[PDB]
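**Student:** Residue numbers (this note's numbering): 1279 to 1370. We put the CB at the ideal spot given by N, CA and C, even for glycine. Okay, handing you the structure first.
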DNA sequence: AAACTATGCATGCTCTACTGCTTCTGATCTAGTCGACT
């Protein structure tokens, strides 16, 4: 019953887009804090009955900070490979 | 004078081979990524 299974990726993408659009640091910090607080409240609500929980903010934190990813090996797809795959798949 | 048989022709179906054109597949080759070394 991980929290990440109830959080659409669209919400995280929208939060990141709002953070990027904002100019002042205050707005970015406010958006991130609101998202984290919502996640924490949902986590508390979900795990009321469970005693030992391994669920955390890792699923979103790893995506927010890809430069700190070490569990996942190199994807092997750089910009050129990604462009080639997009061209082939989209049938452009 | 009548019946049987040798001879031949015309045509459809089938195996077998050969020549040539087109397409598919195995083999011969450069770009991208990770890694080794110095």
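1) Would you report the Cα separation of residue 1339 and residue 1310, rounded to the nearest angstrom?
2) Suppose contacts are defined by Cβ-Cβ distances below 8 angstroms. Is residue 1337 in contact with residue 1282 by that definition?
3) On the premise that residue 1321 lies in contact with residue 1330, defined as a C-beta separation below 8 angstroms, what is that separation, rounded to the nearest angstrom?
4) Could you tell me if residue 1313 is buried or exposed, where buried requires 16 or more neighbouring beta carbons within 10 angstroms of its beta carbon?
5) Could you say which of 1328, 1323, 1341 and 1352 lies nearest to residue 1291 if we only look at CA atoms?
6) Can you give me the C-alpha to C-alpha distance between residue 1303 and residue 1317, rounded to a whole angstrom?
7) Only counting the same chain, and skipping five residues up and downstream in sequence, which positions put a Cβ closer than 8 angstroms to that of residue 1426?
8) In whole angstroms, what separates the C-alpha of residue 1299 from that of residue 1307?
**Tutor:** Let me spell this out:
1) Within the first chain, residue 1339 is the residue found at index 61, counting from 1. Within the first chain, residue 1310 is the residue found at index 32, counting from 1. Rounded to the nearest whole angstrom, the CA to CA distance from residue 1339 to residue 1310 is 11 angstroms.
2) As a working note, residue 1337 is residue 59 in the first chain. As a working note, residue 1282 is residue 4 in the first chain. Yes, Cβ-Cβ distance for residue 1337 and residue 1282 is below 8 angstroms.
3) Against the first chain, residue 1330 aligns to sequence position 52. Against the first chain, residue 1321 aligns to sequence position 43. With 8 angstroms as the limit, residue 1330 and residue 1321 do not qualify as a contact, their Cβ atoms being about 14 angstroms apart.
4) On the first chain, residue 1313 is found 35 positions in, with the first residue counted as 1. By the Cβ neighbour-count rule, residue 1313 is buried, with 16 or more other Cβ atoms within 10 Å of its own.
5) For this step, residue 1291 is matched to residue 13 along the first chain. Residue 1341 is the option with its Cα nearest to residue 1291.
6) The residue you call residue 1303 lines up with position 25 of the first chain. The residue you call residue 1317 lines up with position 39 of the first chain. Approximately 21 angstroms, taken between the alpha carbons.
7) For residue 1426 there is no data in the structure shown, the boundaries of the chain being 1279 and 1370.
8) Sequence index remark: in the first chain, residue 1299 carries index 21 (1-based). Sequence index remark: in the first chain, residue 1307 carries index 29 (1-based). Taking the straight line from one Cα to the other gives about 12 angstroms.
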